[PDB]
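These are the residues of each chain, in order.
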Amino acid sequence: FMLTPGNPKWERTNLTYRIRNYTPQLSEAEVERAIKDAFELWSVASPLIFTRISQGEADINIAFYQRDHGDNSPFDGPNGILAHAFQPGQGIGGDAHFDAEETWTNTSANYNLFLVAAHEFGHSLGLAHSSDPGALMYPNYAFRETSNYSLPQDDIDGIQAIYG
Ligand SMILES: [Ca+2]
Ligand SMILES: [Ca+2]
Ligand SMILES: [Zn+2]
Ligand SMILES: [Zn+2]
């Protein structure tokens, strides 16, 4: 596994998240379900608890944006970069942005919002990319059955190394 340089970590364990907007490819429910299940993989392997707020200042804000979107790291249209996240911190820290131009799905067709969100959430929690091709934290996307999905061992090792 690989930790974000500088080892940034949340000095807190109950963190809140907020879904600022949705993608019209999927229903709101399915979007909300992908995010919830994505936060839970990490949750069952660490002491972190995740609470959703409908509005207000959450620790981790989630949003789908296009090209330029205020943070100096414009997305690039279809394919290529799918999403990105900010390491732990106050402010934009912890935030996860998804490319609004992608095809978001909840099947095997590219892309599956759950596998990508669970990936972004590791970064928001302080993990960098892993060189283990089987880890969720691998640089490039790959579909894995999601129905009864759980965190690969290399990723468990990773949040464990950070949070215990
Ligand atoms: Ca893209
Ligand atoms: Ca934040
Ligand atoms: Zn962004
Ligand atoms: Zn990544």
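Check the entry above for the structure.
Residues numbered from 1 in each chain as written, not as in the entry; some residues may be left out. Chains lettered and ligands numbered in written order. Part of a larger assembly, values for the part shown. Heavy atoms only, no water.

**Some thoughts on the coordination of the zinc ion (ligand 4)**
To be explicit about the condition: Only nitrogen, oxygen and sulfur atoms qualify as donors, and only when within 2.8 Å of the metal (3.2 Å in the case of Na, K and Ca); with water excluded, sites may look incomplete. Strands are runs of DSSP state E lasting at least two residues, helices are runs of H or I lasting at least four, and both sets are numbered from the N terminus onward.
Note on the zinc ion (ligand 4): its protein donors are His119 (NE2), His123 (NE2) and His129 (NE2). The metal-donor distances range over 1.9 to 2.1 Å. When the donor residues of the zinc ion (ligand 4) are listed from N- to C-terminus, their spacing reads H-x3-H-x5-H. Residue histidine 119 is located in helix 2 (residues 113-125), and its partner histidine 129 is located in the loop between helix 2 and helix 3 (153-163); the two are separated by 10 residues in the primary sequence.

**What about helix 1 (residues 28-43)?**
The cut-off we apply is this: To estimate the expected span of a helix, count its residues, drop one, and scale the result by 1.5 Å. Note on classification: 1.4 Å probe, protein chains only; a residue is buried when its accessible area is under 20% of the maximum for its type, exposed when over 50%, partly exposed between these limits. Definition of a polar contact: a pair of N or O atoms within 3.5 Å, with one able to donate and the other able to accept a hydrogen when the atoms are protein atoms, and with sequence-neighbouring residues admitted only if both atoms are side-chain atoms.
Here helix 1 is 16 residues long and its end C-alpha atoms lie 22 Å apart, about the 22 Å a rise of 1.5 Å per residue gives. Of the positions making up helix 1, those classed as buried are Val31, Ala34, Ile35, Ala38, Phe39, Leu41, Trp42 and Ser43. Between the side-chain oxygen of the N-cap and the backbone nitrogen of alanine 29 there are 3.3 Å, and the N-cap of helix 1 in question is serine 27.

**Thoughts on the coordination of the calcium ion (ligand 1)**
Rules: Here a site with four donors is tetrahedral if all angles are between 85 and 135 degrees, and a site with four or six donors is square planar or octahedral if opposite donors are over 155 degrees apart and the other angles are between 65 and 115; anything else gets the irregular label.
Around the calcium ion (ligand 1), the protein supplies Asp76 (OD), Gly77 (O), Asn79 (O), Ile81 (O), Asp99 (OD) and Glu102 (OE) as donor atoms, at distances of 2.2 to 2.4 Å. Taken together, the six donor atoms coordinating the calcium ion (ligand 1) span angles of 82 to 178° at the metal, a pattern that classifies the geometry as octahedral. Every donor residue of the calcium ion (ligand 1) comes from the same chain, spaced as D-G-x1-N-x1-I-x17-D-x2-E. The same class applies to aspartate 99 and to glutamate 102, which are both buried.

**Brief notes about the layout of surface pockets**
Once rolled over the atoms, a probe with the size of a water molecule shows which space is left empty. For clarity, the cut-off: A cavity, in this analysis, means grid points on a 1 Å lattice covering only the protein atoms where a 1.4 Å probe fits yet has no way out; a pocket is instead an open set bounded by protein on both sides within 12 Å along at least five of seven lines, and a residue lines either one if it has an atom within 4 Å of a point. Grid points are joined across faces, edges and corners, and a volume is the space filled by probe spheres set on the points. Amino acids outside the nonpolar list (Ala, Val, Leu, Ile, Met, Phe, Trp, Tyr, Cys, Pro) and the charged list (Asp, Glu, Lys, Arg) are all regarded as polar, and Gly is one of them.
Its boundaries defined by the atoms lining it, the largest pocket holds a volume of some 340 Å³. Lining the largest pocket are 21 residues, and of these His119, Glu120, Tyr138, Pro139 and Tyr141 lie nearest its centre. Sorting the residues of the lining of the largest pocket by element identifies strand 4 (83-85) and helix 2 as the ones contributing at least two each. Looking at the lining of the largest pocket element by element, the count peaks at five residues for helix 2. Within the lining of the largest pocket, the residues separate by chemical class into 13 nonpolar, six polar and two charged. Within this model, the second largest pocket holds a volume of roughly 230 Å³. In this structure, the second largest pocket is lined by 14 residues; those nearest its centre are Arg33, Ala34, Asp37, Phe114 and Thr146.

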